[PDB]
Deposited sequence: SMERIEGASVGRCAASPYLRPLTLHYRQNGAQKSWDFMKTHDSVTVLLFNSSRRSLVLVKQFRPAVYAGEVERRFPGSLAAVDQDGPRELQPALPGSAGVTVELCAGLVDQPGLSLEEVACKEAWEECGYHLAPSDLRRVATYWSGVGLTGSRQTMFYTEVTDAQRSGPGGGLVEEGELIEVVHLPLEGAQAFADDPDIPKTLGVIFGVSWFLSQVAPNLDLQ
């Protein structure tokens, strides 16, 4: 359903609420330089372990920027000199479907990072969390080359008693990855995923799974 993508076309983007390209001009040890980047929000990510199912909770969705990069890789020149053309040839929508950690932007003032992660775990994963349930795994710079944003990773264990039914949050597929093949899943090069997934899986297996 969410992997069904047709009529894909690419065009130049002028104004956008989501793209804030900027250039920093600066003198570094006397020499004048410039650097191109984008203003973006900080973010949080949360890894959930469902102990009732012995499974890590991830999310699957279509990422248009991933899709377009995959189309370019397979058909070079697809995204060339665009500055509204139909992608011919194109790829199935599954080429842009990623596996990710539950994640969201820090763009609501008055909310702690924990509260942001709880809202995203509800809205994306259908899991009811309390902010005090969350343990900070790591904080780091994401996208140091083009974005200056901090990202904070949380972890929490959940049970099926915290899982919402089908429907509920008024398109994302919730993924439950069994611990059996979790490492093999992260190591699988044919599955488009993020470093947060790869790190989250190996961190959980080496830091949490032994103590269960």
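Open item on the list: Which parts of the deposited sequence lack C-alpha coordinates in this model? Number from residue 1, please.
Closed with: Unmodelled stretches: 84-86, 174-178, 221-223.
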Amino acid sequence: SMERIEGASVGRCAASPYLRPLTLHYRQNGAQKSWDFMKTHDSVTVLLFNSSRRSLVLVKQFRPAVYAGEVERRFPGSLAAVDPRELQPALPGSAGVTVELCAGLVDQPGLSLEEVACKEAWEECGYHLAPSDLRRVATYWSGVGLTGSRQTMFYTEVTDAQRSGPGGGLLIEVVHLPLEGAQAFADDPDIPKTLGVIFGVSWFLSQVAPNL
From here on, numbers count along this sequence of modelled residues.
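C-alpha atoms forming the largest set that superposes within 1.5 Å between two forms make up the rigid core.
Open item on the list: Core-aligned, RMS over all structures and residues: is 129-137 or 107-115 the stretch with the greater C-alpha displacement in 4 other deposited structures of this protein?
Closed with: The stretch that sits farther from the shown form in 4 other deposited structures of this protein is 107-115.
Task: residue 69: gap in at least one third of other compared structures - done: Across the compared entries, residue 69 is modelled every time.
Open item on the list: Tell me whether residue 181 turns out to be unmodelled in at least a third of the other entries of this protein, restricted to those that model residues on both sides.
Closed with: No.
Task: 46-54 set against 159-167, stretch whose average Cα temperature factor tops the other in the entry - done: Between 159-167 and 46-54, it is 159-167.
Open item on the list: Highest mean C-alpha temperature factor of the two stretches 181-189 and 56-64, which is it?
Closed with: On average, C-alpha B-factors are higher across 181-189.
- [ ] Can you pull the Cα B-factors for 100, 124, 115, 107 from the entry and say which is highest?
- [x] Highest C-alpha B-factor among the listed options: 107.
Task: Highest-ranked of 95, 138, 82, 130 once sorted by CA temperature factor in the record - done: By C-alpha B-factor in the record, 82 ranks first.
TODO: Could you say whether, by C-alpha temperature factor, residue 152 belongs to the lowest, middle or highest third of its chain?
DONE: Answer is lowest: the recorded C-alpha B-factor places it there.
- [ ] Comparing against every modelled residue in the chain, figure out the third that the C-alpha B-factor of residue 11 lands in (lowest, middle or highest).
- [x] Middle third, going by the recorded CA B-factors of the chain.
Task: CA B-factor placement of residue 86, once the chain's modelled residues are sorted into thirds - done: Residue 86: CA B-factor falls in the highest third of its chain.
Open item on the list: Using the temperature factors of the C-alpha atoms in this entry, rank residue 144 within its chain: lowest, middle or highest third.
Closed with: Bottom third by C-alpha B-factor.
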